[PDB]
Trainee: 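First, the structure itself, so that you have it in front of you.
We name chains A, B, ... by the order of the sequence lines, and we start the count at 1 in each one.
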Amino acid sequence: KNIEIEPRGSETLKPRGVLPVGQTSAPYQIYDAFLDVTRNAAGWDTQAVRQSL
Amino acid sequence: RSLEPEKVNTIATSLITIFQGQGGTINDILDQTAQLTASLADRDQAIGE
């Protein structure tokens with residue numbers, strides 16, 4: 001993991017300054033992605049899906 | 001997130017129910033509405049007047 005900074009604005013961030021929570025984002029985890037795919041696909045009625053297609 | 005099983009299953013079953021063996025019905029709808037709308041549009045000037 002690593003932090004990426006995109007600078008914006010004309011004001012200068014003083015030392016010991018804090019970026020607000022609204023200007024920061026958290027990653028979408030790979031294990032979260034795998035969990036989503038597997039849990040969603042486990043509930044699929046694949047016979048109905050194939051028949052509908 | 002769009003692959004939620006409930007919505008997928010409901011949409012699939014509903015599509016099966018709606019469109020099973022309805023090809024002839026939809027063909028008849030298309031033919032009849034084509035003929036009716038063409039006949040109506042042939043009187044475009046009359047409708048405007």
Side-chain angles (χ1 to χ4, degrees):
Chain A
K1 308 291 174 56
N2 69 272
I3 295 186
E4 255 279 344
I5 310 285
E6 294 186 355
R8 291 181 184 180
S10 58
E11 188 179 345
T12 294
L13 186 62
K14 298 180 180 181
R16 303 309 172 102
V18 179
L19 297 180
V21 64
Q23 301 175 5
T24 58
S25 65
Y28 182 61
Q29 309 289 347
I30 300 187
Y31 61 83
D32 287 331
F34 278 115
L35 176 75
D36 289 0
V37 195
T38 303
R39 295 290 177 82
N40 289 343
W44 273 25
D45 189 4
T46 48
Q47 184 188 27
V49 175
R50 185 154 194 160
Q51 287 188 52
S52 307
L53 296 171
Chain B
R1 190 164 46 192
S2 66
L3 300 181
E4 175 188 351
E6 179 205 16
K7 299 191 189 306
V8 174
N9 296 334
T10 299
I11 291 174
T13 55
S14 297
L15 290 180
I16 295 167
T17 299
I18 293 167
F19 291 96
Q20 255 286 2
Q22 291 282 262
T25 288
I26 299 178
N27 279 325
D28 291 357
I29 294 177
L30 294 180
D31 296 4
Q32 298 154 4
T33 200
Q35 211 173 17
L36 173 63
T37 48
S39 297
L40 287 176
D42 288 2
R43 301 294 170 171
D44 185 13
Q45 177 180 350
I47 291 176
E49 292 174 352

Trainee: Using side-chain hydrogen bond (donor to acceptor under 3.5 Å, both in side chains) as the criterion, list what pairs up with B:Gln20, not counting sequence neighbours.
Mentor: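 Testing B:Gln20 for side-chain hydrogen bond (donor to acceptor under 3.5 Å, both in side chains), a comparison that skips the adjacent residues, returns none.
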Trainee: Does B:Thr37 use its side chain to pair, donor to acceptor, with the backbone of B:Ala34 at less than 3.5 Å?
Mentor: yes
Trainee: Run the side chain to side chain contact (heavy atoms under 4.5 Å, CB included) test against A:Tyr28 and tell me which residues pass, sequence neighbours left out.
Mentor: A:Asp32, A:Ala33, A:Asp36
Trainee: Scan the side chains in residues 43-53 of chain A for donor-acceptor partners under 3.5 Å anywhere in the protein, sequence neighbours excluded, and list what turns up.
Mentor:
residue : atom : partner : partner atom : Å
A:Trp44 : NE1  : B:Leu3  : O            : 3.2
A:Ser52 : OG   : A:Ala48 : O            : 2.7
A:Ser52 : OG   : B:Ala12 : O            : 2.6

Trainee: Got a sec, which residues hit side chain to side chain contact (heavy atoms under 4.5 Å, CB included) with A:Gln23, two or more places apart in sequence or on another chain?
Mentor: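 With sequence neighbours excluded, A:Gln23 shows a side chain to side chain contact (heavy atoms under 4.5 Å, CB included) to A:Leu19, A:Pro20, given in chain and number order.
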Trainee: Drop me the distance from B:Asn27's CG to B:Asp31's CG, to the nearest 0.5 angstrom.
Mentor: 6.0 Å
Trainee: State whether the number of non-hydrogen atoms from other residues, nucleotides or ligands found under 6.0 Å of A:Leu13 atom CG is greater than 12.
Mentor: yes
Trainee: Calculate, to the nearest 0.5 Å, the distance between atoms CD1 and OG1 belonging to B:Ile26 and B:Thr33 respectively.
Mentor: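 Answer rounded to 0.5 Å: 13.0 Å.
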Trainee: List the atom pairs, with distances to 0.1 Å, where a side-chain N or O of residues 41-49 of chain B and a protein N or O form a donor-acceptor pair under 3.5 Å, not counting sequence neighbours.
Mentor:
residue : atom : partner : partner atom : Å
B:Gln45 : NE2  : B:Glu49 : OE2          : 3.1

Trainee: Which atom pair, heavy atoms only, marks the closest approach of A:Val21 to A:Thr24?
Mentor: O-OG1, 3.0 Å
Trainee: For B:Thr25, check side chain to side chain contact (heavy atoms under 4.5 Å, CB included) against everything at least two apart and list the hits.
Mentor: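 Here the qualifying residues are B:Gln22, B:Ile29.
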Trainee: Any chain of hydrophobic side-chain contacts (each under 4.5 Å) joining A:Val37 to A:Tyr31?
Mentor: no
Trainee: How many angstroms lie between atom CD of B:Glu4 and atom CZ of A:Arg39, to the nearest 0.5 angstrom?
Mentor: 14.0 Å
Trainee: Strictly distance-based, threshold 3.5 Å: is any side-chain N or O of B:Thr13 a donor or acceptor partner for the main-chain N or O of B:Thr10?
Mentor: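 Side chain of B:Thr13 to backbone of B:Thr10, a donor-acceptor pair under 3.5 Å: yes, one is there.
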